[PDB]
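First come two forms of one protein chain, each written alone as structure tokens, so that there is a structure 1 and a structure 2.
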Structure 1
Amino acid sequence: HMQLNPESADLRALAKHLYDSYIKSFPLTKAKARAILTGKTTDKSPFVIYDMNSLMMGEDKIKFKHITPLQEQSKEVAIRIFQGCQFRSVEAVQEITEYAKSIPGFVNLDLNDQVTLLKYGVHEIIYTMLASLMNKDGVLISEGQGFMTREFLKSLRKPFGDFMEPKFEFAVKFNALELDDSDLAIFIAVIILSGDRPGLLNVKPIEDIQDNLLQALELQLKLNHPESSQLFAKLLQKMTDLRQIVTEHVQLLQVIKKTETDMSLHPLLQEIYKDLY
């Protein structure tokens, strides 16, 4: 039997602290994204990019953060899109880095271990967060300003047509778990503090933090999902699938590296991918 005791009371306090900083660290939460995806709100009405003609009109009507009418952009839509993803990822690395610092105990870790946890955690977290902005038809982009269809992304020339499909495939399965931001906040915090990343030097303080987080997550799941036992175990197993898509995505990234002109990867992304998996 579960019981309300000082231990669980602190577990709830931790869960609320993560949620609060999770909301401050990340702009478009799953709660806001779901409302947009169903029109069940305002602001909203994102421009839908579903064919090449609507892509052109979308680039004109959407205010992409990486815009600037002065910069030179590729002539291929597939590369312009790839660049947008690069920009968003770089932003996500900073949002995730900020969120990590808000995790009780993280800043007091070996700074070089903090780097290793961020290095391996960002992309697993990116694909977790990316699912919040996905349904089976497409994906929210530009902080909800736009919506780009799944089939349009598949229609991009090789090898870019295969870039996002694995992510949609993962998101469908992952979103069936029906997690909310409160569950997500702890889950990604558990990911960042995987004490089994290669290269860690001071592993004990990491596993001690992750165990505290795994307790808070399990309590969160039981309290928040009465109609689904085993949610905790299913969720842990989804990290495994995340490490695989990150691996599958590194391989895809090498095809595009030795096939496209220069295809400059942002230096931050290069640090992350250098000597990864």
Structure 2
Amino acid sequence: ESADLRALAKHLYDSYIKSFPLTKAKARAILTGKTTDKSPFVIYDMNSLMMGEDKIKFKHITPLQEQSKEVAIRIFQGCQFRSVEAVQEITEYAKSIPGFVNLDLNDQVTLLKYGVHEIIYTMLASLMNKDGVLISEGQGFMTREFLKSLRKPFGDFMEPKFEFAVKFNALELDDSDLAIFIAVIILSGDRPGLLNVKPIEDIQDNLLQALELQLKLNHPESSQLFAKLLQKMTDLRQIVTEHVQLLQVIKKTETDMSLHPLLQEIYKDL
């Protein structure tokens, strides 16, 4: 029944909104869009950041650059904090996906453990454009150029996410679309360690049919878009893998410090 898919599409969309503060419709308005009623603090240099941390509303540390930790490190770590927030938002979202909670708890955890990273770069693209990503709930805008001027290890961290985003945003998907796409990602039946795949693929099968209709009705002139969106998952996977690869390198930089025990603890690997 197309009444079930259309229903599901709306459902997920409703939960996506109630779960994700910064939506693409929003982030778009702030970005390249106009909407001149409140402009984001731009960060394009070692000064913008400095003269922007004490001013903006960030959670980690105050702006101080004088032989006290490196700017890059404080930035990278900022991503962690925010992603950890994201993981929480996503975890609540999956909970609204029909059948998700009725699954083995060990599977839910597994489905989340591996889907969180892919869902994160998918949405980050909602906040990105060719020249930078919105920052701090959208209060800021760290340029893409400043990110590349970062330290040797941290300067090639967001580029692959920028290139992904640039091609991804070309599909011109709106939140109602990403809502179901994000659902398809969580209900991935190929995650290592699952104990009962049948129910996981049944849900995804259902989500896939839902995405297909949503896209056809939402983009009648966009040909075989369903196909293309499912193809960007290969990029997501490479974006995710490549990320753990640049993570180990970072792990081969900062380590032993008897002050991190509790902070390093809050940050596992997702």
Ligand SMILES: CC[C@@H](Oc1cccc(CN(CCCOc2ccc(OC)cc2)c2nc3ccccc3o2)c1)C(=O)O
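Start at 1 and count along the sequence of structure 1; that gives the residue numbers used here. Throughout, rigid core stands for the largest set of C-alpha atoms superposing within 1.5 Å between the two forms.
- The form solved in complex with the ligand corresponds to structure 1, not structure 2.
- Looking at CA displacements between the two structures with the core superposed, a shift of 2 Å or more is confined, among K222, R243, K234, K44, to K44.
- Shown in the overlay between the two structures, fitted on the rigid core, is a CA shift at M56 smaller than 2 Å.
- The Cα shift for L265 between the two structures, taken after rigid core superposition, is 2 angstroms or larger.
- Superposed on the core, the two forms differ at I67: its CA moves 2 Å or more between the two structures.
- Taking the core as the fixed frame between the two structures, we note the C-alpha of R157 moving 1.2 angstrom.
- Relative to the superposed core, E178 moves its CA by 0.1 Å between the two structures.
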